[PDB]
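Worksheet: the structure to be examined is printed underneath.
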Amino acid sequence: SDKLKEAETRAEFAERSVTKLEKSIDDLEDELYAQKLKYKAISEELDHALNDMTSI
Amino acid sequence: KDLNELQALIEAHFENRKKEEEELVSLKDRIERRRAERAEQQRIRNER
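First to last, the protein sequences are chains M and K. Heads up: take any position in the first sequence, counting from 1, add 228, and you land on the authors' numbering. Heads up: take any position in the second sequence, counting from 1, add 96, and you land on the authors' numbering.
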């Protein structure tokens, strides 16, 4: 009985940890996507600048 | 000719980093596919 209780508690702890880790990794992926979006926006602005500089 | 070669390499690395950004975008897309598939399979597991 003692061993079973220990195992059950370990399982609950690990499950909660996996839930937190999944949420955190999803949030960090969202943040990386946002920063990539900003980089792409300024890169397209610079590409337009280069297109005009082709006439420069 | 310095300006010419420099603008040439400028447009060149433009194109290269652009391909890399396309690859990274496709990576993000398959990543969101992975998020959705993990979400649905996790939800199925949790339902059962």
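Where is the CB? At the ideal position from N, CA and C, for every residue including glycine.
Contact with chain M by K/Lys124, beta-carbon distance below 8 Å: Counted from its first residue, the second sequence places residue 124 of chain K at position 28. Interface residue, yes.
Contacts that M/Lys266 makes with chain K (C-beta to C-beta distance below 9 Å): Translated into the one-based positions of the first sequence, residue 266 of chain M becomes position 38. Residues of chain K passing the Cβ test: none, with the nearest at roughly 13 Å.
M/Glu273 to M/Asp280 span [Cα, whole Å]: Taking the first sequence and counting its residues from 1, the one referred to as residue 273 of chain M is at position 45. Taking the first sequence and counting its residues from 1, the one referred to as residue 280 of chain M is at position 52. The straight-line gap from Cα to Cα measures roughly 11 Å.
Pair within 8 Å by beta-carbon distance, K/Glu111 and M/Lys268: Position 15 of the second sequence, counting from 1, holds the residue named residue 111 of chain K. Position 40 of the first sequence, counting from 1, holds the residue named residue 268 of chain M. Contact flag unset, no.
Chain-ordered chain M contacts of K/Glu117 [CB-CB under 9 Å]: Your numbering for residue 117 of chain K matches position 21 in the second sequence. Correct list: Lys264, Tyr267, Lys268, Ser271.
CB of K/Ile127 within 8 Å of CB of M/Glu250, strictly: Position 31 of the second sequence, counting from 1, holds the residue named residue 127 of chain K. Position 22 of the first sequence, counting from 1, holds the residue named residue 250 of chain M. No, the pair does not count as a contact, with Cβ atoms beyond the cut-off.
Helix, strand or coil at M/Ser271 [DSSP, three-state]: If you number the first sequence from 1, residue 271 of chain M lands on position 43. Residue state, collapsed to three classes: helix.
Cβ-Cβ distance between K/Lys124 and M/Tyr261 below 8 Å: As a first step, residue 124 of chain K must be located in the second sequence, where it is residue number 28. As a first step, residue 261 of chain M must be located in the first sequence, where it is residue number 33. Against a cut-off of 8 Å, the Cβ pair of M/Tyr261 and K/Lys124 comes out as a contact.
CB of K/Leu120 within 8 Å of CB of M/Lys266, strictly: Along the second sequence, read from residue 1 onward, the residue named residue 120 of chain K stands at position 24. Along the first sequence, read from residue 1 onward, the residue named residue 266 of chain M stands at position 38. Result no, Cβ atoms of K/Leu120 and M/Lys266 do not sit closer than 8 Å.
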